[PDB]
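As structure tokens, the structure follows; a few thoughts come after it.
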Amino acid sequence: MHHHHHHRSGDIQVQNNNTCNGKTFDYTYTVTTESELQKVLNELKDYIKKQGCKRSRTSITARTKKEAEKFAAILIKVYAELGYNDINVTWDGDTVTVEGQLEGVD
């Protein structure tokens with residue numbers, strides 16, 4: 006394993022923006038494997054738990070709708086362990102950002 010920080014887009018960039026004190030607590034990992042994704046999310050979960058995270062948004066690279074299903078599902082589990090509630094799945098078109106829960110307008 007080397008994996009130099011390249012701009013060659015194709016890898017799974019997991020970027021967590023959490024509100025606690027600031028983005029100084031960011032949890033950004035760049036993997037190329039679903040197993041490595043599961044590993045870094047399980048650990049990212051431990052961080053959100055440790056800090057006084059009122060709410061956090063983890064953004065996972067998912068350019069196709071297929072990826073917007075599979076990578077998002079793993080992340081809904083991560084949030085469901087930190088809070089055993091209904092979890093929101095929001096995908097813009099290139100990245101799935103999971104934060105809060107959708108209400109009213111569904």
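All residue numbers for the sequence shown refer to the numbering used here, where the first residue is 6 and numbers rise by one.
Quick reminder that beta carbons are idealized off the backbone N, C-alpha and C, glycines included.
* To do: Rank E39, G27 and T24 by C-alpha distance to the C-alpha of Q18 and give the top, closest one.
  => Ranking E39, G27 and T24 by Cα distance to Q18 puts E39 first.
* **Residue nearest to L46 in terms of C-alpha spacing, selected from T95, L87, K28 and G15** => Nearest neighbour of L46 by Cα position, chosen from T95, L87, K28 and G15, turns out to be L87.
* Asked: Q43 by DSSP, collapsed to three states: which one?
  -> Look at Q43 here: in three-state DSSP terms it is helix.
* Report yes or no: do the segment 21–28 and the segment 52–69 share at least 3 C-beta pairs separated by less than 8 Å? => Touching, yes, given that three or more Cβ pairs across the two stretches are closer than 8 Å.
* Run of the alpha helix (DSSP H) containing residue 3, from where it starts to where it stops -> Here the chain has residues from 6 to 111 only, and residue 3 is not among them.
* Report buried or exposed for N90, applying the criterion of at least 16 other Cβ atoms within 10 angstroms of its Cβ. => Exposed.
* Taking C-beta to C-beta, are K50 and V101 nearer than 7 Å? -> No, Cβ-Cβ distance for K50 and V101 is not below 7 Å.
* **Simplified DSSP assignment, three categories, for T38** => In this structure, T38 counts as coil in the three-state DSSP scheme.
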